[PDB]
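Participant: One structure coming up, written as structure tokens, with questions to follow.
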There are 2 protein chains.
Amino acid sequence: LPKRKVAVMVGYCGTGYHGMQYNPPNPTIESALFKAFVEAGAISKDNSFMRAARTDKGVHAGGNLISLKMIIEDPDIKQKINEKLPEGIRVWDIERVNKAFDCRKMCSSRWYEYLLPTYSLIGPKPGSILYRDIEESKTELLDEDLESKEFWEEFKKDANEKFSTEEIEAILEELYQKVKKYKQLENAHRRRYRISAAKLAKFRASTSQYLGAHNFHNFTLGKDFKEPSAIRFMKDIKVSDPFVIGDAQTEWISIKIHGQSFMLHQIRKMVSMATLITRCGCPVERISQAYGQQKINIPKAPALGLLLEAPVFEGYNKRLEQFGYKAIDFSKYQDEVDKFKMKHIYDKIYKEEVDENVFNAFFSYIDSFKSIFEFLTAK
Amino acid sequence: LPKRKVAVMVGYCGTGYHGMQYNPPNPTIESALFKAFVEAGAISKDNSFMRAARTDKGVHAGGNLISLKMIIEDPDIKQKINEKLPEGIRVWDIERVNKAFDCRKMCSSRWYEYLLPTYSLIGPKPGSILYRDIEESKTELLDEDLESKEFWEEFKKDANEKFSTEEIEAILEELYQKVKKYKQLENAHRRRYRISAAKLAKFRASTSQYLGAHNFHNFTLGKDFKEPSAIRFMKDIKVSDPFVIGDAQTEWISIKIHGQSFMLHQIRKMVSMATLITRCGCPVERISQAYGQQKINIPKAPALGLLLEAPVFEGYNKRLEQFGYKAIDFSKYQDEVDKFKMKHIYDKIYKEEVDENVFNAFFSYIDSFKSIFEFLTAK
RNA sequence: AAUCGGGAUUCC
RNA sequence: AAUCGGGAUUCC
């Protein structure tokens with residue numbers, strides 16, 4: 001059998017793996033793919049290549065690309081690779097490429113998707129360091145939050161009807177059980193929340209303010225203003241209408257992002273900054289100042305909701321001849337990709353939000369901390 | 001089938017797991033054991049217990065204890081659990097216990113074992129921040145290192161005979177390949193090393209200075225002097241004679257430690273401090289001052305060499321009646337445990353040292369850093 | 001991606 | 001045990 005270069009389109013669930021890039025001994029998506037290539041009979045041995053995107057730990061992807069030389073001679077090869085692969089990783093197709101094709105260089109654009117529970121937009125709890133800081137803004141009258149005021153007031157109403165004035169604001173048998181029941185009560189109060197139209201409008205205003213070509217040095221752990229890479233371009237960004245899904249009936253929103261290229265954890269930093277602005281009520285224009293002088297520390301959002309929709313290859317497509325090599329279009333798989341998304345990615349995100357408590361953790365930590373200086377009605 | 005409380009003795013390889021304690025969704029030794037209990041038919045469902053030691057991520061254990069109620073009615077049950085378990089986790093035996101038995105409380109003592117490559121004792125490289133600091137000690141004449149002087153001089157001799165004055169002390173095709181070949185040369189020079197008797201004597205002197213009852217606040221990430229837990233007692237500690245094992249013919253030493261109880265990463269902090277004292281040549285008595293006033297930051301050693309030999313249960317053994325319940329003695333399995341050690345733990349440590357480059361990483365990082373103030377011939 | 005020094009949260 | 005703010009190393 002001869003060697004033949006080829007490109008493999010793949011989809012996977014990022015949960016339970018240490019990223020896309022091969023990095024032993026920790027199990028990675030590439031490691032599992034390689035293990036499935038020798039079980040189907042397309043790889044030789046020893047060692048060896050490129051990839052469209054290097055998705056971080058836990059990040060899923062409806063679409064990703066690898067490029068390698070394999071024995072593409074068996075008519076039923078992709079079926080064998082899929083039978084030798086776990087249910088959470090699928091190979092959509094195997095299309096041939098040329099020697100000039102570079103997976104990292106010829107990546108024109110990228111489509112990402114972030115699932116976000118709507119209760120992430122509720123303001124901080126009374127008694128938190130961020131609330132008292134926003135309260136300390138009672139000098140310069142900023143924004144006022146009447147929505148989260150009624151939410152936390154209703155939670156305090158429910159707590160006094162379920163507890164009997166237990167000073168359970170202290171921890172380190174039944175007191176453990178009391179505090180756990182209290183935390184479960186807060187989590188259920190968050191999961192019962194239904195977002196308004198004004199909060200969604202503010203969130204979409206910030207997301208729209210992300211659009212265009214800007215310096216994104218404050219949305220990455222990297223060099224500052226006078227760096228080349230910091231300038232990047234967002235082509236499209238859309239926050240979907242909220243929807244309720246799951247047994248717990250949590251409410252979610254889907255943020256679809258279209259970009260040229262991306263920095264380290266740029267998407268998560270952007271989504272976190274948007275949620276932080278929407279939460280306290282800081283002026284939406286304060287996001288533009290994040291492009292400005294003073295460097296700020298914004299923590300990136302949980303990687304659980306991050307999902308790489310698809311990489312685009314406009315440059316390689318146009319430069320392709322009329323006959324001989326097919327174009328790289330991910331829209332030609334939308335049926336199987338949508339089914340796999342719904343089954344293995346989306347449902348896993350819902351279950352892991354309900355159990356692993358990722359998004360509750362993230363914002364219970366934001367209130368106890370650097371980034372407060374930006375959203376403190378003064379910077 | 002009725003419920004029956006029991007204690008399971010277990011052994012495992014820590015590589016590829018996130019610790020002993022059950023912590024989903026990350027795969028743990030307890031998670032794999034539970035998955036193997038329902039595949040053999042000893043657990044019901046839903047959820048649920050104690051454990052002798054909570055071994056950190058990557059740490060292996062020739063012996064560990066769990067306690068749970070299971071259906072111990074099938075005569076060939078342990079064989080089924082072992083057939084339903086990966087090769088890297090074994091159940092040695094399943095002996096019954098009483099309701100009073102507490103795995104964490106009645107743990108009398110613990111035997112740990114650390115495998116350490118001898119090249120960890122070689123002093124810092126010329127041009128490192130720690131060398132120049134030890135060089136800055138050319139005022140107060142401390143210790144002088146003639147052993148590592150000839151080692152690094154011989155490496156510089158070999159580099160000039162293999163390279164042609166390439167200023168490859170700069171990085172960020174072939175220059176990458178040049179630097180990689182240079183680093184492989186340094187690693188091979190370390191692996192060819194054979195420890196002397198004086199260095200081993202100094203290492204054993206420090207290890208012996210660990211013995212007795214002392215305040216170990218500087219050997220844990222925790223509270224300082226005026227804390228209760230900091231006082232702990234070491235009963236026995238022995239560094240074995242060096243031995244050469246493996247295809248790469250690396251030289252190792254085995255440090256066996258016997259203690260009452262242990263703090264967070266106490267063993268690794270102790271081993272790292274011993275190696276740090278032996279390396280630069282700081283006075284062995286400086287380890288005693290680590291029990292003293294000034295708090296110091298000592299980084300814990302790689303968890304790869306750490307191996308929990310066995311927990312002891314002297315209190316539960318003596319308080320046991322003459323008939324009815326068997327004593328918890330781990331020495332009754334030494335054959336199978338030694339075979340499993342040699343095959344799955346020790347060989348894995350050797351392979352992971354050669355490949356994953358753990359111990360080379362650790363000490364190449366010590367030279368570039370807080371802890372230098374202790375071993376700088378002045379504190 | 002992994003390790004380590006500290007600071008913080010969630011599950012333990 | 002996991003996440004995050006920075007500082008450092010190893011493999012990339």
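Ordering of the structure tokens sets the chain letters (A, B, ...), residue numbers begin anew at 1 in every chain, and ligands are numbered from 1 in the order given.
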In range 57-131 of chain B, what's strand (DSSP E or B) per DSSP? Answer as a ChimeraX atom specification?
Facilitator: /B:60-70,89-96,109-117
Participant: I need the chosen residues saved as a PDB file, in the first residue's frame, with N, CA and C atoms.
Facilitator:
```pdb
ATOM      1  N   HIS B  60       1.407   6.456  43.129  1.00  0.00           N
ATOM      2  CA  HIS B  60       1.002   5.062  43.128  1.00  0.00           C
ATOM      3  C   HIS B  60       0.953   4.550  44.563  1.00  0.00           C
ATOM      4  N   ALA B  61       0.548   3.294  44.723  1.00  0.00           N
ATOM      5  CA  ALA B  61       0.465   2.706  46.056  1.00  0.00           C
ATOM      6  C   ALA B  61       0.481   1.195  45.921  1.00  0.00           C
ATOM      7  N   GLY B  62       1.481   0.549  46.522  1.00  0.00           N
ATOM      8  CA  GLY B  62       1.441  -0.895  46.634  1.00  0.00           C
ATOM      9  C   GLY B  62       0.349  -1.381  47.560  1.00  0.00           C
ATOM     10  N   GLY B  63      -0.083  -0.538  48.493  1.00  0.00           N
ATOM     11  CA  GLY B  63      -1.121  -0.896  49.434  1.00  0.00           C
ATOM     12  C   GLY B  63      -1.990   0.278  49.834  1.00  0.00           C
ATOM     13  N   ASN B  64      -3.304   0.071  49.808  1.00  0.00           N
ATOM     14  CA  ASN B  64      -4.260   1.072  50.250  1.00  0.00           C
ATOM     15  C   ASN B  64      -5.517   0.348  50.700  1.00  0.00           C
ATOM     16  N   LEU B  65      -6.332   1.042  51.489  1.00  0.00           N
ATOM     17  CA  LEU B  65      -7.523   0.456  52.088  1.00  0.00           C
ATOM     18  C   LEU B  65      -8.765   1.253  51.728  1.00  0.00           C
ATOM     19  N   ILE B  66      -9.849   0.542  51.416  1.00  0.00           N
ATOM     20  CA  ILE B  66     -11.176   1.143  51.400  1.00  0.00           C
ATOM     21  C   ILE B  66     -12.089   0.286  52.264  1.00  0.00           C
ATOM     22  N   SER B  67     -13.190   0.886  52.713  1.00  0.00           N
ATOM     23  CA  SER B  67     -14.166   0.196  53.546  1.00  0.00           C
ATOM     24  C   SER B  67     -15.563   0.479  53.018  1.00  0.00           C
ATOM     25  N   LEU B  68     -16.325  -0.581  52.761  1.00  0.00           N
ATOM     26  CA  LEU B  68     -17.678  -0.419  52.243  1.00  0.00           C
ATOM     27  C   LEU B  68     -18.461  -1.701  52.487  1.00  0.00           C
ATOM     28  N   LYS B  69     -19.778  -1.599  52.336  1.00  0.00           N
ATOM     29  CA  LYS B  69     -20.674  -2.743  52.431  1.00  0.00           C
ATOM     30  C   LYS B  69     -20.959  -3.272  51.032  1.00  0.00           C
ATOM     31  N   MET B  70     -20.754  -4.573  50.838  1.00  0.00           N
ATOM     32  CA  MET B  70     -20.968  -5.200  49.542  1.00  0.00           C
ATOM     33  C   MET B  70     -21.513  -6.609  49.740  1.00  0.00           C
ATOM     34  N   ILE B  89      -4.660  -1.852  38.264  1.00  0.00           N
ATOM     35  CA  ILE B  89      -5.314  -1.812  39.568  1.00  0.00           C
ATOM     36  C   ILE B  89      -5.664  -3.239  39.965  1.00  0.00           C
ATOM     37  N   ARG B  90      -5.248  -3.640  41.167  1.00  0.00           N
ATOM     38  CA  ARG B  90      -5.465  -4.992  41.658  1.00  0.00           C
ATOM     39  C   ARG B  90      -6.065  -4.946  43.055  1.00  0.00           C
ATOM     40  N   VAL B  91      -6.961  -5.891  43.333  1.00  0.00           N
ATOM     41  CA  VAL B  91      -7.515  -6.096  44.667  1.00  0.00           C
ATOM     42  C   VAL B  91      -6.816  -7.306  45.273  1.00  0.00           C
ATOM     43  N   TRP B  92      -6.126  -7.097  46.395  1.00  0.00           N
ATOM     44  CA  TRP B  92      -5.307  -8.164  46.956  1.00  0.00           C
ATOM     45  C   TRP B  92      -6.127  -9.182  47.734  1.00  0.00           C
ATOM     46  N   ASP B  93      -7.198  -8.742  48.389  1.00  0.00           N
ATOM     47  CA  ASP B  93      -7.937  -9.543  49.355  1.00  0.00           C
ATOM     48  C   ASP B  93      -9.118  -8.705  49.825  1.00  0.00           C
ATOM     49  N   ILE B  94     -10.127  -9.377  50.378  1.00  0.00           N
ATOM     50  CA  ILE B  94     -11.283  -8.698  50.956  1.00  0.00           C
ATOM     51  C   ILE B  94     -11.578  -9.306  52.322  1.00  0.00           C
ATOM     52  N   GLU B  95     -11.171  -8.621  53.388  1.00  0.00           N
ATOM     53  CA  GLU B  95     -11.328  -9.112  54.751  1.00  0.00           C
ATOM     54  C   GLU B  95     -12.378  -8.291  55.489  1.00  0.00           C
ATOM     55  N   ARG B  96     -13.154  -8.958  56.341  1.00  0.00           N
ATOM     56  CA  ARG B  96     -14.263  -8.313  57.029  1.00  0.00           C
ATOM     57  C   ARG B  96     -13.764  -7.446  58.183  1.00  0.00           C
ATOM     58  N   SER B 109       0.246   3.982  61.472  1.00  0.00           N
ATOM     59  CA  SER B 109       1.416   4.520  60.797  1.00  0.00           C
ATOM     60  C   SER B 109       1.272   4.287  59.300  1.00  0.00           C
ATOM     61  N   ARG B 110       2.217   4.843  58.541  1.00  0.00           N
ATOM     62  CA  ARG B 110       2.232   4.736  57.090  1.00  0.00           C
ATOM     63  C   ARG B 110       3.665   4.575  56.605  1.00  0.00           C
ATOM     64  N   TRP B 111       3.854   3.662  55.650  1.00  0.00           N
ATOM     65  CA  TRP B 111       5.128   3.415  54.985  1.00  0.00           C
ATOM     66  C   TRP B 111       5.030   3.923  53.553  1.00  0.00           C
ATOM     67  N   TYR B 112       5.858   4.909  53.217  1.00  0.00           N
ATOM     68  CA  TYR B 112       5.971   5.478  51.882  1.00  0.00           C
ATOM     69  C   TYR B 112       7.326   5.125  51.274  1.00  0.00           C
ATOM     70  N   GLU B 113       7.403   5.200  49.945  1.00  0.00           N
ATOM     71  CA  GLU B 113       8.641   4.927  49.222  1.00  0.00           C
ATOM     72  C   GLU B 113       8.767   5.899  48.061  1.00  0.00           C
ATOM     73  N   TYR B 114       9.951   6.480  47.897  1.00  0.00           N
ATOM     74  CA  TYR B 114      10.216   7.438  46.829  1.00  0.00           C
ATOM     75  C   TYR B 114      11.405   6.962  46.007  1.00  0.00           C
ATOM     76  N   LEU B 115      11.201   6.823  44.700  1.00  0.00           N
ATOM     77  CA  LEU B 115      12.284   6.496  43.785  1.00  0.00           C
ATOM     78  C   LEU B 115      12.850   7.792  43.221  1.00  0.00           C
ATOM     79  N   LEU B 116      14.174   7.917  43.237  1.00  0.00           N
ATOM     80  CA  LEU B 116      14.812   9.170  42.858  1.00  0.00           C
ATOM     81  C   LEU B 116      16.022   8.904  41.970  1.00  0.00           C
ATOM     82  N   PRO B 117      16.098   9.502  40.783  1.00  0.00           N
ATOM     83  CA  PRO B 117      17.308   9.346  39.967  1.00  0.00           C
ATOM     84  C   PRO B 117      18.476  10.093  40.592  1.00  0.00           C
TER      85      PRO B 117
END
```
Participant: Taking only C-alpha atoms (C1' of nucleotides) into account, what are the residues of chain C at most 10 Å from chain A, put as a list in words?
Facilitator: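 Applying the cut-off to the listed atoms yields residues 1, 2, 7, 8, 9, 10 and 11 of chain C.
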Participant: Give me a file of those residues, with N, CA, C and O atoms (P, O5', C5', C4', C3', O3' and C1' of nucleotides), as a PDB file, in the first residue's frame.
Facilitator:
```
ATOM      1  P     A C   1      -4.760  23.848  27.040  1.00  0.00           P
ATOM      2  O5'   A C   1      -3.776  22.676  27.478  1.00  0.00           O
ATOM      3  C5'   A C   1      -4.092  21.329  27.168  1.00  0.00           C
ATOM      4  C4'   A C   1      -2.920  20.413  27.408  1.00  0.00           C
ATOM      5  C3'   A C   1      -2.373  20.378  28.824  1.00  0.00           C
ATOM      6  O3'   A C   1      -3.142  19.568  29.698  1.00  0.00           O
ATOM      7  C1'   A C   1      -0.587  20.585  27.305  1.00  0.00           C
ATOM      8  P     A C   2      -3.296  19.964  31.250  1.00  0.00           P
ATOM      9  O5'   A C   2      -1.899  19.534  31.888  1.00  0.00           O
ATOM     10  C5'   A C   2      -1.463  18.182  31.850  1.00  0.00           C
ATOM     11  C4'   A C   2       0.000  18.058  32.201  1.00  0.00           C
ATOM     12  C3'   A C   2       0.438  18.669  33.522  1.00  0.00           C
ATOM     13  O3'   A C   2       0.120  17.873  34.648  1.00  0.00           O
ATOM     14  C1'   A C   2       1.956  19.300  31.844  1.00  0.00           C
ATOM     15  P     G C   7      -1.047  32.379  50.024  1.00  0.00           P
ATOM     16  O5'   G C   7      -2.240  33.016  49.181  1.00  0.00           O
ATOM     17  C5'   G C   7      -2.349  34.425  49.035  1.00  0.00           C
ATOM     18  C4'   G C   7      -3.380  34.808  48.003  1.00  0.00           C
ATOM     19  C3'   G C   7      -4.744  34.150  48.132  1.00  0.00           C
ATOM     20  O3'   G C   7      -5.553  34.737  49.137  1.00  0.00           O
ATOM     21  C1'   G C   7      -4.055  34.120  45.868  1.00  0.00           C
ATOM     22  P     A C   8      -6.740  33.934  49.857  1.00  0.00           P
ATOM     23  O5'   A C   8      -7.741  33.580  48.683  1.00  0.00           O
ATOM     24  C5'   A C   8      -8.496  34.633  48.092  1.00  0.00           C
ATOM     25  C4'   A C   8      -9.249  34.138  46.892  1.00  0.00           C
ATOM     26  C3'   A C   8     -10.335  33.110  47.150  1.00  0.00           C
ATOM     27  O3'   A C   8     -11.516  33.649  47.693  1.00  0.00           O
ATOM     28  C1'   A C   8      -9.202  32.654  45.128  1.00  0.00           C
ATOM     29  P     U C   9     -12.502  32.707  48.445  1.00  0.00           P
ATOM     30  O5'   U C   9     -13.721  32.596  47.448  1.00  0.00           O
ATOM     31  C5'   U C   9     -14.501  31.413  47.437  1.00  0.00           C
ATOM     32  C4'   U C   9     -14.780  31.012  46.020  1.00  0.00           C
ATOM     33  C3'   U C   9     -15.301  29.603  45.845  1.00  0.00           C
ATOM     34  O3'   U C   9     -16.707  29.575  45.983  1.00  0.00           O
ATOM     35  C1'   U C   9     -13.508  29.952  44.372  1.00  0.00           C
ATOM     36  P     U C  10     -17.344  28.719  47.092  1.00  0.00           P
ATOM     37  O5'   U C  10     -17.817  27.444  46.303  1.00  0.00           O
ATOM     38  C5'   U C  10     -18.499  27.639  45.079  1.00  0.00           C
ATOM     39  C4'   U C  10     -18.242  26.472  44.178  1.00  0.00           C
ATOM     40  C3'   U C  10     -18.524  25.123  44.783  1.00  0.00           C
ATOM     41  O3'   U C  10     -19.924  24.888  44.880  1.00  0.00           O
ATOM     42  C1'   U C  10     -16.515  25.044  43.536  1.00  0.00           C
ATOM     43  P     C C  11     -20.492  24.106  46.108  1.00  0.00           P
ATOM     44  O5'   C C  11     -19.840  22.677  45.922  1.00  0.00           O
ATOM     45  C5'   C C  11     -20.475  21.686  45.112  1.00  0.00           C
ATOM     46  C4'   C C  11     -19.504  20.605  44.697  1.00  0.00           C
ATOM     47  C3'   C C  11     -19.300  19.442  45.643  1.00  0.00           C
ATOM     48  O3'   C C  11     -20.398  18.556  45.815  1.00  0.00           O
ATOM     49  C1'   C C  11     -17.258  20.016  44.635  1.00  0.00           C
TER      50        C C  11
END
```
Participant: List as a PyMOL selection string the protein and nucleic acid residues near residue 246 in chain A, meaning an atom at most 9 Å away when only C-alpha atoms (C1' of nucleotides) are counted, but skip any in the same chain fewer than 5 places from it.
Facilitator: chain A and resi 251+347+350-351
Participant: Take the residues from that selection and put them in a file with C-alpha atoms, as a compact mmCIF listing (two decimals), in the first residue's frame.
Facilitator:
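The resulting result-v1.txt:
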```
# COMPACT_ATOMS: atom_id res chain seq x y z
CA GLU A 251 -32.63 28.55 30.51
CA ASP A 347 -26.77 17.25 26.36
CA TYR A 350 -26.57 20.54 30.17
CA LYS A 351 -25.77 17.55 32.41
```
Participant: If I take CA of residue 188 in chain B and CA of residue 133 in chain B, how far is one from the other in Å, to one decimal?
Facilitator: 26.4 Å
Participant: CA of residue 29 in chain B to CA of residue 12 in chain B: how many Å, to one decimal?
Facilitator: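 For CA of residue 29 in chain B relative to CA of residue 12 in chain B, the distance reads 7.6 Å.
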Participant: Need to verify the contact set: residue 341 in chain B, 12 Å, only C-alpha atoms (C1' of nucleotides), exclusion of same-chain residues closer than 2 positions in sequence. Can you return it as a ChimeraX atom specification?
Facilitator: /B:11-14,60-63,87-90,113,307-309,333-339,343-349
Participant: Write the selection just made, keeping N, CA, C and O atoms, as a short mmCIF file (atom, residue, chain, number, x, y, z; two decimals), in the first residue's frame?
Facilitator:
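Saved result, out_34.cif, follows:
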```
data_model
loop_
_atom_site.label_atom_id
_atom_site.label_comp_id
_atom_site.auth_asym_id
_atom_site.auth_seq_id
_atom_site.Cartn_x
_atom_site.Cartn_y
_atom_site.Cartn_z
N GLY B 11 -4.09 -2.17 45.32
CA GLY B 11 -2.85 -1.60 44.83
C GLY B 11 -3.06 -1.07 43.43
O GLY B 11 -3.89 -1.58 42.68
N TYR B 12 -2.31 -0.03 43.09
CA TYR B 12 -2.58 0.64 41.83
C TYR B 12 -1.37 1.44 41.37
O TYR B 12 -0.45 1.72 42.14
N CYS B 13 -1.40 1.81 40.09
CA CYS B 13 -0.47 2.76 39.50
C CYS B 13 -1.16 4.11 39.41
O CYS B 13 -2.24 4.22 38.81
N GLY B 14 -0.54 5.13 40.00
CA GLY B 14 -1.17 6.44 40.05
C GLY B 14 -1.17 7.18 38.73
O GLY B 14 -1.93 8.14 38.58
N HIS B 60 1.41 6.46 43.13
CA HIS B 60 1.00 5.06 43.13
C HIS B 60 0.95 4.55 44.56
O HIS B 60 1.28 5.26 45.52
N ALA B 61 0.55 3.29 44.72
CA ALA B 61 0.46 2.71 46.06
C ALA B 61 0.48 1.19 45.92
O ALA B 61 -0.40 0.62 45.27
N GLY B 62 1.48 0.55 46.52
CA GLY B 62 1.44 -0.89 46.63
C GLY B 62 0.35 -1.38 47.56
O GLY B 62 -0.11 -2.52 47.42
N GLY B 63 -0.08 -0.54 48.49
CA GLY B 63 -1.12 -0.90 49.43
C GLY B 63 -1.99 0.28 49.83
O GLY B 63 -1.49 1.36 50.15
N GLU B 87 -5.35 -3.63 34.12
CA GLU B 87 -4.16 -4.32 34.60
C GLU B 87 -3.42 -3.53 35.66
O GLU B 87 -2.69 -4.12 36.47
N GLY B 88 -3.60 -2.21 35.70
CA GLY B 88 -2.92 -1.33 36.62
C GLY B 88 -3.57 -1.14 37.98
O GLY B 88 -3.08 -0.34 38.78
N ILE B 89 -4.66 -1.85 38.26
CA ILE B 89 -5.31 -1.81 39.57
C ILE B 89 -5.66 -3.24 39.97
O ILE B 89 -6.29 -3.97 39.19
N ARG B 90 -5.25 -3.64 41.17
CA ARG B 90 -5.47 -4.99 41.66
C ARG B 90 -6.07 -4.95 43.05
O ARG B 90 -5.73 -4.07 43.86
N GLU B 113 7.40 5.20 49.95
CA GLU B 113 8.64 4.93 49.22
C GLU B 113 8.77 5.90 48.06
O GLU B 113 7.80 6.11 47.32
N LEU B 307 5.42 6.58 46.09
CA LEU B 307 4.73 5.29 46.12
C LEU B 307 4.38 4.97 47.56
O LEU B 307 5.27 4.89 48.41
N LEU B 308 3.09 4.83 47.84
CA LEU B 308 2.65 4.47 49.19
C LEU B 308 2.84 2.97 49.37
O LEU B 308 2.13 2.17 48.76
N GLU B 309 3.81 2.59 50.20
CA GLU B 309 4.08 1.17 50.42
C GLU B 309 2.91 0.50 51.13
O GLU B 309 2.29 -0.42 50.58
N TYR B 333 0.89 -10.23 51.90
CA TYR B 333 0.69 -10.23 50.45
C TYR B 333 1.97 -9.91 49.70
O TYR B 333 1.91 -9.60 48.50
N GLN B 334 3.13 -9.99 50.36
CA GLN B 334 4.35 -9.39 49.81
C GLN B 334 4.72 -9.97 48.45
O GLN B 334 5.33 -9.27 47.63
N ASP B 335 4.35 -11.22 48.17
CA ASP B 335 4.70 -11.83 46.89
C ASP B 335 3.98 -11.14 45.73
O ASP B 335 4.61 -10.61 44.81
N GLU B 336 2.64 -11.16 45.75
CA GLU B 336 1.87 -10.55 44.68
C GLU B 336 2.13 -9.05 44.61
O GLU B 336 2.22 -8.48 43.52
N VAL B 337 2.26 -8.39 45.77
CA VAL B 337 2.50 -6.96 45.78
C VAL B 337 3.86 -6.64 45.17
O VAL B 337 4.01 -5.66 44.44
N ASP B 338 4.87 -7.47 45.45
CA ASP B 338 6.19 -7.21 44.88
C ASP B 338 6.19 -7.43 43.38
O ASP B 338 6.80 -6.66 42.63
N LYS B 339 5.51 -8.48 42.91
CA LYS B 339 5.41 -8.72 41.47
C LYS B 339 4.69 -7.56 40.78
O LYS B 339 5.15 -7.06 39.75
N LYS B 343 6.33 -4.94 38.04
CA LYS B 343 5.79 -4.90 36.68
C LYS B 343 5.14 -3.56 36.35
O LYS B 343 5.49 -2.92 35.35
N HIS B 344 4.20 -3.10 37.18
CA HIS B 344 3.33 -1.99 36.83
C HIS B 344 3.72 -0.65 37.44
O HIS B 344 3.39 0.39 36.87
N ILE B 345 4.39 -0.63 38.59
CA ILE B 345 4.71 0.65 39.22
C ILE B 345 6.13 1.04 38.86
O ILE B 345 6.34 2.08 38.22
N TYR B 346 7.11 0.22 39.26
CA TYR B 346 8.52 0.58 39.08
C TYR B 346 8.86 0.80 37.61
O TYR B 346 9.47 1.82 37.26
N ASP B 347 8.50 -0.15 36.75
CA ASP B 347 8.81 -0.02 35.33
C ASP B 347 8.13 1.20 34.73
O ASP B 347 8.70 1.88 33.86
N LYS B 348 6.91 1.52 35.18
CA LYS B 348 6.24 2.72 34.71
C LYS B 348 6.98 3.97 35.15
O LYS B 348 7.08 4.95 34.40
N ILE B 349 7.52 3.97 36.38
CA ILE B 349 8.31 5.11 36.83
C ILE B 349 9.55 5.28 35.97
O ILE B 349 9.90 6.40 35.56
#
```
Participant: At a cut-off of 10 Å, using only C-alpha atoms (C1' of nucleotides), what residues contact residue 6 in chain C? Leave out same-chain residues fewer than 5 positions from it and give the result as a list in words.
Facilitator: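 Contacts, in chain order: residues 221 and 297 of chain B; 6 and 7 of chain D.
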